[PDB]
>>> print(open('structure.cif').read())   # mmCIF, N, CA, C and O atoms
data_final
loop_
_atom_site.label_atom_id
_atom_site.label_comp_id
_atom_site.auth_asym_id
_atom_site.auth_seq_id
_atom_site.Cartn_x
_atom_site.Cartn_y
_atom_site.Cartn_z
N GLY A 1 -0.54 -4.36 19.04
CA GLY A 1 0.93 -4.50 18.95
C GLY A 1 1.40 -5.83 19.51
O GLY A 1 0.95 -6.24 20.58
N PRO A 2 2.28 -6.54 18.78
CA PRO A 2 2.95 -7.76 19.28
C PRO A 2 3.56 -7.55 20.65
O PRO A 2 3.99 -6.43 20.96
N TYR A 3 3.63 -8.58 21.49
CA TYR A 3 4.31 -8.38 22.75
C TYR A 3 5.81 -8.51 22.54
O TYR A 3 6.42 -9.57 22.68
N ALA A 4 6.35 -7.38 22.15
CA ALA A 4 7.76 -7.10 22.05
C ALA A 4 7.89 -5.64 22.40
O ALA A 4 6.86 -4.98 22.46
N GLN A 5 9.08 -5.12 22.67
CA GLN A 5 9.22 -3.67 22.66
C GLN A 5 8.73 -3.15 21.32
O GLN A 5 9.37 -3.38 20.29
N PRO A 6 7.58 -2.45 21.30
CA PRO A 6 6.99 -1.94 20.07
C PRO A 6 7.76 -0.72 19.57
O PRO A 6 7.17 0.23 19.04
N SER A 7 9.08 -0.76 19.80
CA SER A 7 10.04 0.26 19.35
C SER A 7 10.10 1.42 20.33
O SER A 7 10.78 2.42 20.09
N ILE A 8 9.42 1.27 21.45
CA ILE A 8 9.42 2.29 22.49
C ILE A 8 10.61 2.10 23.44
O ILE A 8 10.77 2.85 24.40
N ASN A 9 11.45 1.11 23.14
CA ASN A 9 12.54 0.70 24.05
C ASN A 9 11.97 0.07 25.30
O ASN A 9 12.63 0.01 26.34
N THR A 10 10.76 -0.42 25.17
CA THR A 10 10.02 -0.94 26.29
C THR A 10 9.91 -2.46 26.25
O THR A 10 9.12 -3.00 25.48
N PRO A 11 10.71 -3.16 27.06
CA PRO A 11 10.62 -4.60 27.22
C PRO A 11 9.22 -5.02 27.64
O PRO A 11 8.39 -4.18 27.95
N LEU A 12 9.00 -6.32 27.65
CA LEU A 12 7.67 -6.91 27.83
C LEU A 12 6.88 -6.25 28.96
O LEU A 12 7.09 -6.54 30.13
N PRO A 13 5.96 -5.33 28.58
CA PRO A 13 5.20 -4.51 29.53
C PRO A 13 3.98 -5.22 30.09
O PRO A 13 3.91 -5.52 31.28
N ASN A 14 3.02 -5.47 29.21
CA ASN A 14 1.81 -6.18 29.54
C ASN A 14 0.92 -5.36 30.45
O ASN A 14 1.09 -4.14 30.55
N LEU A 15 -0.06 -6.03 31.08
CA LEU A 15 -1.19 -5.36 31.76
C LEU A 15 -2.11 -4.81 30.70
O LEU A 15 -3.30 -5.12 30.66
N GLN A 16 -1.53 -4.02 29.85
CA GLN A 16 -2.13 -3.59 28.65
C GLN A 16 -2.36 -4.77 27.72
O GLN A 16 -3.28 -4.78 26.91
N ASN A 17 -1.50 -5.77 27.86
CA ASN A 17 -1.57 -6.98 27.08
C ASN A 17 -2.22 -8.11 27.88
O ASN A 17 -2.96 -8.91 27.33
N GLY A 18 -1.92 -8.16 29.18
CA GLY A 18 -2.47 -9.19 30.02
C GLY A 18 -3.21 -8.64 31.25
O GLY A 18 -4.37 -8.24 31.13
N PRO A 19 -2.57 -8.61 32.44
CA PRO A 19 -1.18 -9.00 32.62
C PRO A 19 -0.96 -10.43 32.43
O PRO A 19 -1.72 -11.30 32.85
N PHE A 20 0.12 -10.64 31.76
CA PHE A 20 0.50 -11.94 31.37
C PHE A 20 1.19 -12.57 32.54
O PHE A 20 1.81 -11.87 33.35
N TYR A 21 1.13 -13.88 32.64
CA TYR A 21 1.89 -14.55 33.62
C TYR A 21 3.21 -14.70 32.96
O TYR A 21 3.28 -14.57 31.75
N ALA A 22 4.26 -14.86 33.68
CA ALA A 22 5.50 -15.11 33.03
C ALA A 22 6.38 -16.00 33.84
O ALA A 22 6.62 -15.76 35.00
N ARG A 23 6.90 -17.02 33.21
CA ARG A 23 7.72 -17.96 33.91
C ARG A 23 9.10 -17.36 34.10
O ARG A 23 9.87 -17.26 33.15
N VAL A 24 9.42 -16.95 35.31
CA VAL A 24 10.72 -16.41 35.59
C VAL A 24 11.76 -17.49 35.38
O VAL A 24 11.54 -18.65 35.71
N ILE A 25 12.89 -17.11 34.82
CA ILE A 25 13.96 -18.08 34.62
C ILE A 25 15.24 -17.62 35.25
O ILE A 25 16.26 -18.27 35.09
N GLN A 26 15.18 -16.47 35.90
CA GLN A 26 16.31 -15.93 36.64
C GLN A 26 15.86 -14.74 37.43
O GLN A 26 15.69 -13.64 36.92
N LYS A 27 15.58 -14.99 38.67
CA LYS A 27 15.21 -13.96 39.60
C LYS A 27 15.94 -14.24 40.89
O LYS A 27 16.46 -15.35 41.08
N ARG A 28 16.01 -13.27 41.76
CA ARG A 28 16.67 -13.44 43.02
C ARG A 28 15.60 -13.69 44.05
O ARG A 28 14.42 -13.56 43.73
N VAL A 29 15.96 -14.12 45.24
CA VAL A 29 15.02 -14.05 46.32
C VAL A 29 15.28 -12.77 47.11
O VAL A 29 16.15 -12.72 47.99
N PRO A 30 14.60 -11.70 46.73
CA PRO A 30 14.61 -10.46 47.42
C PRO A 30 13.40 -10.36 48.33
O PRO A 30 12.96 -11.35 48.92
N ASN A 31 12.89 -9.17 48.43
CA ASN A 31 11.62 -8.90 49.04
C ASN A 31 11.20 -7.51 48.65
O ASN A 31 11.89 -6.84 47.88
N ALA A 32 10.08 -7.07 49.16
CA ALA A 32 9.59 -5.74 48.84
C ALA A 32 10.42 -4.67 49.55
O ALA A 32 10.29 -3.49 49.27
N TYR A 33 11.26 -5.10 50.46
CA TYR A 33 12.16 -4.20 51.15
C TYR A 33 13.36 -3.92 50.27
O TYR A 33 13.98 -2.86 50.33
N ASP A 34 13.65 -4.89 49.43
CA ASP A 34 14.77 -4.88 48.55
C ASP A 34 14.39 -4.21 47.27
O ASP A 34 14.06 -4.89 46.31
N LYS A 35 14.40 -2.89 47.26
CA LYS A 35 14.16 -2.15 46.03
C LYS A 35 12.73 -2.34 45.55
O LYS A 35 12.33 -1.75 44.57
N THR A 36 12.01 -3.16 46.29
CA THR A 36 10.78 -3.80 45.86
C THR A 36 11.12 -4.71 44.71
O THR A 36 11.16 -4.31 43.55
N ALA A 37 11.56 -5.91 45.08
CA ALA A 37 11.89 -6.94 44.13
C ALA A 37 11.12 -8.23 44.37
O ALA A 37 10.54 -8.46 45.43
N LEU A 38 11.17 -9.07 43.36
CA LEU A 38 10.36 -10.27 43.26
C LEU A 38 11.04 -11.48 43.84
O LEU A 38 12.05 -11.93 43.31
N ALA A 39 10.46 -12.04 44.89
CA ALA A 39 11.05 -13.23 45.49
C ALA A 39 10.56 -14.46 44.81
O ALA A 39 9.51 -15.01 45.13
N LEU A 40 11.34 -14.89 43.86
CA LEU A 40 11.04 -16.09 43.14
C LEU A 40 12.29 -16.69 42.54
O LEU A 40 13.34 -16.06 42.52
N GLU A 41 12.16 -17.91 42.05
CA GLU A 41 13.30 -18.63 41.54
C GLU A 41 13.16 -18.82 40.04
O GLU A 41 12.12 -18.57 39.46
N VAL A 42 14.24 -19.20 39.42
CA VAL A 42 14.21 -19.72 38.08
C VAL A 42 13.20 -20.87 37.96
O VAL A 42 13.28 -21.85 38.70
N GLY A 43 12.27 -20.75 37.03
CA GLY A 43 11.32 -21.81 36.82
C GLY A 43 10.02 -21.55 37.52
O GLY A 43 9.06 -22.32 37.42
N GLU A 44 10.00 -20.46 38.25
CA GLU A 44 8.82 -20.02 38.94
C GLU A 44 8.07 -19.08 38.04
O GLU A 44 8.33 -19.07 36.84
N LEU A 45 7.16 -18.31 38.55
CA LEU A 45 6.50 -17.37 37.68
C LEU A 45 6.22 -16.06 38.36
O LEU A 45 6.07 -15.96 39.58
N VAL A 46 6.17 -15.06 37.52
CA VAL A 46 6.06 -13.70 37.88
C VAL A 46 5.04 -13.05 36.94
O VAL A 46 5.01 -13.36 35.76
N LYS A 47 4.18 -12.19 37.43
CA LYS A 47 3.13 -11.65 36.58
C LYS A 47 3.27 -10.17 36.40
O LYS A 47 3.06 -9.41 37.33
N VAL A 48 3.54 -9.73 35.20
CA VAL A 48 3.85 -8.35 35.04
C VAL A 48 2.58 -7.56 34.75
O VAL A 48 1.92 -7.72 33.71
N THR A 49 2.26 -6.75 35.73
CA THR A 49 1.00 -6.09 35.89
C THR A 49 1.17 -4.58 35.99
O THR A 49 0.22 -3.82 35.86
N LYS A 50 2.40 -4.14 36.23
CA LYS A 50 2.65 -2.76 36.53
C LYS A 50 3.44 -2.14 35.40
O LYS A 50 4.64 -2.30 35.33
N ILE A 51 2.77 -1.44 34.53
CA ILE A 51 3.47 -0.74 33.48
C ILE A 51 3.89 0.64 33.96
O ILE A 51 3.06 1.55 34.06
N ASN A 52 5.16 0.77 34.29
CA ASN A 52 5.70 2.03 34.79
C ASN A 52 7.09 2.29 34.22
O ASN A 52 7.59 1.51 33.42
N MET A 53 7.71 3.38 34.66
CA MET A 53 9.04 3.78 34.21
C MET A 53 9.02 4.09 32.72
O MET A 53 7.96 4.32 32.13
N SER A 54 10.19 4.12 32.12
CA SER A 54 10.32 4.34 30.70
C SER A 54 10.92 3.12 30.01
O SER A 54 11.28 3.17 28.84
N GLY A 55 11.02 2.01 30.74
CA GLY A 55 11.63 0.81 30.18
C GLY A 55 11.22 -0.47 30.91
O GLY A 55 10.61 -1.35 30.32
N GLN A 56 11.54 -0.57 32.20
CA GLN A 56 11.27 -1.80 32.95
C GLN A 56 10.08 -1.62 33.86
O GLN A 56 9.67 -0.50 34.14
N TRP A 57 9.52 -2.73 34.32
CA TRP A 57 8.26 -2.68 35.01
C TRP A 57 8.27 -3.54 36.25
O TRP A 57 9.28 -4.16 36.59
N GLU A 58 7.13 -3.57 36.90
CA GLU A 58 6.97 -4.24 38.16
C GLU A 58 6.08 -5.43 38.02
O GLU A 58 5.00 -5.33 37.51
N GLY A 59 6.57 -6.55 38.46
CA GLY A 59 5.79 -7.72 38.44
C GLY A 59 5.20 -7.99 39.79
O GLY A 59 5.58 -7.38 40.79
N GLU A 60 4.29 -8.92 39.82
CA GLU A 60 3.58 -9.29 41.00
C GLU A 60 3.35 -10.77 40.91
O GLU A 60 2.56 -11.25 40.11
N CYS A 61 4.09 -11.46 41.70
CA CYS A 61 4.14 -12.88 41.61
C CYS A 61 3.54 -13.52 42.83
O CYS A 61 4.24 -13.75 43.82
N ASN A 62 2.25 -13.77 42.76
CA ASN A 62 1.52 -14.43 43.84
C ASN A 62 1.90 -13.86 45.20
O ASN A 62 2.03 -14.60 46.18
N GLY A 63 2.06 -12.54 45.26
CA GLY A 63 2.34 -11.87 46.50
C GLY A 63 3.77 -11.35 46.62
O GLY A 63 4.14 -10.82 47.67
N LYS A 64 4.58 -11.49 45.58
CA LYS A 64 5.80 -10.69 45.49
C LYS A 64 5.57 -9.59 44.50
O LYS A 64 4.88 -9.77 43.50
N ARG A 65 6.16 -8.46 44.78
CA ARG A 65 6.11 -7.33 43.90
C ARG A 65 7.48 -6.72 43.80
O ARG A 65 8.29 -6.82 44.71
N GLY A 66 7.72 -6.08 42.69
CA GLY A 66 9.03 -5.54 42.44
C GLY A 66 9.29 -5.33 40.97
O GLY A 66 8.41 -5.54 40.19
N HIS A 67 10.50 -4.96 40.59
CA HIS A 67 10.79 -4.65 39.21
C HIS A 67 12.02 -5.38 38.75
O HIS A 67 12.94 -5.60 39.53
N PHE A 68 12.03 -5.71 37.47
CA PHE A 68 13.03 -6.63 36.93
C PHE A 68 12.90 -6.72 35.41
O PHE A 68 11.80 -6.84 34.88
N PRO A 69 14.03 -6.64 34.69
CA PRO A 69 14.10 -6.83 33.24
C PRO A 69 13.46 -8.13 32.75
O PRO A 69 13.33 -9.11 33.50
N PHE A 70 13.08 -8.11 31.49
CA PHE A 70 12.52 -9.29 30.83
C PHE A 70 13.61 -10.30 30.50
O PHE A 70 13.32 -11.46 30.20
N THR A 71 14.86 -9.86 30.59
CA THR A 71 16.02 -10.64 30.21
C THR A 71 16.12 -11.99 30.94
O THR A 71 17.08 -12.73 30.76
N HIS A 72 15.12 -12.31 31.76
CA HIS A 72 15.14 -13.54 32.51
C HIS A 72 13.73 -13.95 32.88
O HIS A 72 13.49 -14.53 33.95
N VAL A 73 12.79 -13.64 32.00
CA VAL A 73 11.47 -14.21 32.08
C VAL A 73 11.02 -14.71 30.75
O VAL A 73 11.32 -14.14 29.69
N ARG A 74 10.37 -15.82 30.84
CA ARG A 74 9.58 -16.34 29.79
C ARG A 74 8.21 -15.84 30.12
O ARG A 74 7.99 -15.49 31.26
N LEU A 75 7.31 -15.72 29.19
CA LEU A 75 5.95 -15.43 29.60
C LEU A 75 4.98 -16.57 29.34
O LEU A 75 5.25 -17.53 28.62
N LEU A 76 3.83 -16.40 29.96
CA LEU A 76 2.70 -17.27 29.90
C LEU A 76 1.51 -16.50 29.33
O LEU A 76 1.59 -15.29 29.13
N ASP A 77 0.39 -17.18 29.14
CA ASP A 77 -0.79 -16.56 28.58
C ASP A 77 -1.74 -16.09 29.68
O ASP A 77 -2.75 -16.72 29.97
N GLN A 78 -1.34 -14.98 30.30
CA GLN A 78 -2.14 -14.26 31.32
C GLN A 78 -2.84 -15.20 32.29
O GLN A 78 -2.17 -15.71 33.21
#
>>> encode(input="structure.cif", output="structure tokens")
Amino acid sequence: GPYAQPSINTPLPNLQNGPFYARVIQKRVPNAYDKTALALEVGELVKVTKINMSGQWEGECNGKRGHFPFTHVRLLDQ
């Protein structure tokens, strides 16, 4: 399946696909205390490795972990 929501209403999942690296283009600087969110900036990268929930997933960015829509990541080739 192409890396798109394969009609499952599931944004860029990966792990199954990569996990792909993904260049974040809009993330906050949170922490794992914060909902478990990804501390990174626009232009940084986040690696989506955790396929969970029924829609959005958890990335792991060189030691940040958390969950966040694809609506602000570009991806890379794993």
>>> axis_aligned_box(input="structure.cif", around="region 36-52 of chain A", padding_each_side="6 Å", output="lines of an AutoDock Vina configuration file")
center_x = 7.2
center_y = -10.0
center_z = 39.9
size_x = 26.0
size_y = 36.6
size_z = 24.9
>>> residues_around(input="structure.cif", residues="region 26-43 of chain A", least_positions_apart="4", cutoff="12 Å", atoms="only C-alpha atoms", output="number ranges by chain")
A: 22, 47-48, 57-76
>>> residues_around(input="structure.cif", residues="residue 3 (chain A)", least_positions_apart="5", cutoff="10 Å", atoms="only C-alpha atoms", output="ChimeraX atom specification")
/A:11-14,16-18,75
>>> write_last_selection(input="structure.cif", atoms="N, CA, C and O atoms", output="mmCIF file, in the frame of the given file")
data_model
loop_
_atom_site.group_PDB
_atom_site.id
_atom_site.type_symbol
_atom_site.label_atom_id
_atom_site.label_comp_id
_atom_site.auth_asym_id
_atom_site.auth_seq_id
_atom_site.Cartn_x
_atom_site.Cartn_y
_atom_site.Cartn_z
ATOM 1 N N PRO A 11 10.710 -3.160 27.060
ATOM 2 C CA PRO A 11 10.620 -4.600 27.220
ATOM 3 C C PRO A 11 9.220 -5.020 27.640
ATOM 4 O O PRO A 11 8.390 -4.180 27.950
ATOM 5 N N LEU A 12 9.000 -6.320 27.650
ATOM 6 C CA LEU A 12 7.670 -6.910 27.830
ATOM 7 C C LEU A 12 6.880 -6.250 28.960
ATOM 8 O O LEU A 12 7.090 -6.540 30.130
ATOM 9 N N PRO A 13 5.960 -5.330 28.580
ATOM 10 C CA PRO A 13 5.200 -4.510 29.530
ATOM 11 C C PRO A 13 3.980 -5.220 30.090
ATOM 12 O O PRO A 13 3.910 -5.520 31.280
ATOM 13 N N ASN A 14 3.020 -5.470 29.210
ATOM 14 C CA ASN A 14 1.810 -6.180 29.540
ATOM 15 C C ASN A 14 0.920 -5.360 30.450
ATOM 16 O O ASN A 14 1.090 -4.140 30.550
ATOM 17 N N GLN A 16 -1.530 -4.020 29.850
ATOM 18 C CA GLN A 16 -2.130 -3.590 28.650
ATOM 19 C C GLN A 16 -2.360 -4.770 27.720
ATOM 20 O O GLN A 16 -3.280 -4.780 26.910
ATOM 21 N N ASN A 17 -1.500 -5.770 27.860
ATOM 22 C CA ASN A 17 -1.570 -6.980 27.080
ATOM 23 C C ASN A 17 -2.220 -8.110 27.880
ATOM 24 O O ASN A 17 -2.960 -8.910 27.330
ATOM 25 N N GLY A 18 -1.920 -8.160 29.180
ATOM 26 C CA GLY A 18 -2.470 -9.190 30.020
ATOM 27 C C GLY A 18 -3.210 -8.640 31.250
ATOM 28 O O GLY A 18 -4.370 -8.240 31.130
ATOM 29 N N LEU A 75 7.310 -15.720 29.190
ATOM 30 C CA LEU A 75 5.950 -15.430 29.600
ATOM 31 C C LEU A 75 4.980 -16.570 29.340
ATOM 32 O O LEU A 75 5.250 -17.530 28.620
#
>>> atom_distance(input="structure.cif", atom1="atom N of residue 51 (chain A)", atom2="atom N of residue 21 (chain A)")
12.7 Å
>>> resolve_selection(input="structure.cif", expression="the PyMOL selection byres (((chain A and resi 55 and name CA) around 7) and name CA)", output="MDAnalysis selection string")
chainID A and resid 9:11 53:54 56:57
>>> atom_distance(input="structure.cif", atom1="atom N of residue 2 (chain A)", atom2="atom O of residue 19 (chain A)")
15.4 Å
>>> closest_residue(input="structure.cif", among="A:1, A:7, A:24, A:15", to="residue 46 (chain A)", atoms="only C-alpha atoms")
A:24
>>> select_by_dssp(input="structure.cif", residues="chain A", states="strand (DSSP E)", output="list in words")
residues 20, 21, 22, 23, 45, 46, 47, 48, 49, 50, 58, 59, 60, 61, 64, 65, 66 and 67 of chain A
>>> write_last_selection(input="structure.cif", atoms="N, CA, C and O atoms", output="compact mmCIF listing (two decimals), in the frame of the given file")
# COMPACT_ATOMS: atom_id res chain seq x y z
N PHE A 20 0.12 -10.64 31.76
CA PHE A 20 0.50 -11.94 31.37
C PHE A 20 1.19 -12.57 32.54
O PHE A 20 1.81 -11.87 33.35
N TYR A 21 1.13 -13.88 32.64
CA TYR A 21 1.89 -14.55 33.62
C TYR A 21 3.21 -14.70 32.96
O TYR A 21 3.28 -14.57 31.75
N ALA A 22 4.26 -14.86 33.68
CA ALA A 22 5.50 -15.11 33.03
C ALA A 22 6.38 -16.00 33.84
O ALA A 22 6.62 -15.76 35.00
N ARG A 23 6.90 -17.02 33.21
CA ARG A 23 7.72 -17.96 33.91
C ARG A 23 9.10 -17.36 34.10
O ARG A 23 9.87 -17.26 33.15
N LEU A 45 7.16 -18.31 38.55
CA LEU A 45 6.50 -17.37 37.68
C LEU A 45 6.22 -16.06 38.36
O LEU A 45 6.07 -15.96 39.58
N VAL A 46 6.17 -15.06 37.52
CA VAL A 46 6.06 -13.70 37.88
C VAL A 46 5.04 -13.05 36.94
O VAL A 46 5.01 -13.36 35.76
N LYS A 47 4.18 -12.19 37.43
CA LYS A 47 3.13 -11.65 36.58
C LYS A 47 3.27 -10.17 36.40
O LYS A 47 3.06 -9.41 37.33
N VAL A 48 3.54 -9.73 35.20
CA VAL A 48 3.85 -8.35 35.04
C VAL A 48 2.58 -7.56 34.75
O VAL A 48 1.92 -7.72 33.71
N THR A 49 2.26 -6.75 35.73
CA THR A 49 1.00 -6.09 35.89
C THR A 49 1.17 -4.58 35.99
O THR A 49 0.22 -3.82 35.86
N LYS A 50 2.40 -4.14 36.23
CA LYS A 50 2.65 -2.76 36.53
C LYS A 50 3.44 -2.14 35.40
O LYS A 50 4.64 -2.30 35.33
N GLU A 58 7.13 -3.57 36.90
CA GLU A 58 6.97 -4.24 38.16
C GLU A 58 6.08 -5.43 38.02
O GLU A 58 5.00 -5.33 37.51
N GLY A 59 6.57 -6.55 38.46
CA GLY A 59 5.79 -7.72 38.44
C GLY A 59 5.20 -7.99 39.79
O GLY A 59 5.58 -7.38 40.79
N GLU A 60 4.29 -8.92 39.82
CA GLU A 60 3.58 -9.29 41.00
C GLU A 60 3.35 -10.77 40.91
O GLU A 60 2.56 -11.25 40.11
N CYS A 61 4.09 -11.46 41.70
CA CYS A 61 4.14 -12.88 41.61
C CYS A 61 3.54 -13.52 42.83
O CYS A 61 4.24 -13.75 43.82
N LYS A 64 4.58 -11.49 45.58
CA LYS A 64 5.80 -10.69 45.49
C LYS A 64 5.57 -9.59 44.50
O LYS A 64 4.88 -9.77 43.50
N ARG A 65 6.16 -8.46 44.78
CA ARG A 65 6.11 -7.33 43.90
C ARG A 65 7.48 -6.72 43.80
O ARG A 65 8.29 -6.82 44.71
N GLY A 66 7.72 -6.08 42.69
CA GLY A 66 9.03 -5.54 42.44
C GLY A 66 9.29 -5.33 40.97
O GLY A 66 8.41 -5.54 40.19
N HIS A 67 10.50 -4.96 40.59
CA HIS A 67 10.79 -4.65 39.21
C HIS A 67 12.02 -5.38 38.75
O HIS A 67 12.94 -5.60 39.53
>>> closest_residue(input="structure.cif", among="A:8, A:20, A:50, A:44", to="residue 78 (chain A)", atoms="all atoms listed in the file")
A:20
>>> atom_distance(input="structure.cif", atom1="atom O of residue 77 (chain A)", atom2="atom N of residue 25 (chain A)")
16.4 Å
